[PDB]
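What follows is a single structure, written as structure tokens, with notes after it.
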Amino acid sequence: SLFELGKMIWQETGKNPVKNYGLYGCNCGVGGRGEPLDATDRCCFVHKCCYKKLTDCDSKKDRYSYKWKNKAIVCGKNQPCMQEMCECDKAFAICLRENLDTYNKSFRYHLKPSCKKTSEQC
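The following block contains the structure:
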């Protein structure tokens, strides 16, 4: 759910997740996907594409188990769709951390309708 995802983002990045990634670029947070503006935004594109495999569960609402231990995210003993969701969220949080050095404050609160249609299939 958004609760696990936000916690993972906070654990990995130290950033408040909704402030920093709730409206960032063309792909993070509210709205859909569009051509990404930078590496952080690409993380968000990949993550929303990851969620396309979730046919049996709800990425926003459904809770799942994970642990934050030794600076690692370990997805727990979840049902299959929920484990897919966890693993999408984990990869995304790691991606966001990896790209902190190019996080652009000007992109934090972005005009999503100005974004361009992607030509990339998930």
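Residues 1001 to 1020, 1022 to 1053, 1057 to 1061, 1067 to 1084, 1086 to 1125, 1128 to 1134 (the entry's author numbering) are what the sequence shown spells out, left to right. Beta carbons: idealized from backbone N, C-alpha and C, even for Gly.
Beta-carbon proximity of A1101 to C1051, cut-off 8 Å: Here residue 1101 refers to the residue found at position 91 of the sequence shown. Here residue 1051 refers to the residue found at position 50 of the sequence shown. Remark: C-beta atoms of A1101 and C1051 approach each other more closely than 8 Å.
Please state the DSSP three-state secondary structure of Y1022. As a working note, residue 1022 is residue 21 in the sequence shown. Secondary structure at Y1022: helix, using DSSP grouped into helix, strand and coil.
Spatial neighbours of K1070 within its chain, please: C-beta separation below 7 Å, excluding the five flanking residues on both sides. Taking the first residue of the sequence shown as 1, we reach residue 1070 at position 61. Hits under 7 Å: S1001.
Measuring CA to CA, which of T1013, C1029 and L1058 is closest to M1092? Residue 1092 sits at position 82 when you count from the first residue of the sequence shown. Nearest option by C-alpha distance: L1058.
Per-residue burial, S1124 [other beta carbons within 10 Å of its own, 16 or more giving buried]: Translated into positions along the sequence shown, residue 1124 becomes position 114. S1124 is exposed by the Cβ-count criterion.
Between the CA atoms of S1074 and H1120 - distance to the nearest angstrom: If you number the sequence shown from 1, residue 1120 lands on position 110. If you number the sequence shown from 1, residue 1074 lands on position 65. C-alpha of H1120 to C-alpha of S1074: approximately 32 Å in a straight line.
When the distance is taken between beta carbons, is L1110 closer than 8 Å to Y1022? Within the sequence shown, the letter at position 21 stands for residue 1022. Within the sequence shown, the letter at position 100 stands for residue 1110. 8 Å or more divides the Cβ of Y1022 from the Cβ of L1110.
Beta carbon of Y1025, beta carbon of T1013: below 8 Å? As a first step, residue 1025 is located in the sequence shown; it is residue number 24 there, counting from the start. As a first step, residue 1013 is located in the sequence shown; it is residue number 13 there, counting from the start. No, these two residues do not count as a Cβ contact at 8 Å.
Considering just the uninterrupted stretch of the alpha helix (DSSP H) at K1100, what are its terminal residues? For the purposes of this step, residue 1100 is identified with residue 90 of the sequence shown, where counting begins at 1. Note, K1100: alpha helix (DSSP H), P1090 to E1108.
Go to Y1052, then tell me how far its alpha helix (DSSP H) extends in each direction, as first and last residue. Numbered from its first residue, the sequence shown carries residue 1052 at position 51. Secondary structure note for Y1052: its alpha helix (DSSP H) is the uninterrupted segment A1040 to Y1052.
So, with DSSP's three-state summary, where would you put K1076? One-based indexing of the sequence shown puts residue 1076 at position 67. When DSSP states are grouped into helix, strand and coil, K1076 belongs to the strand group.
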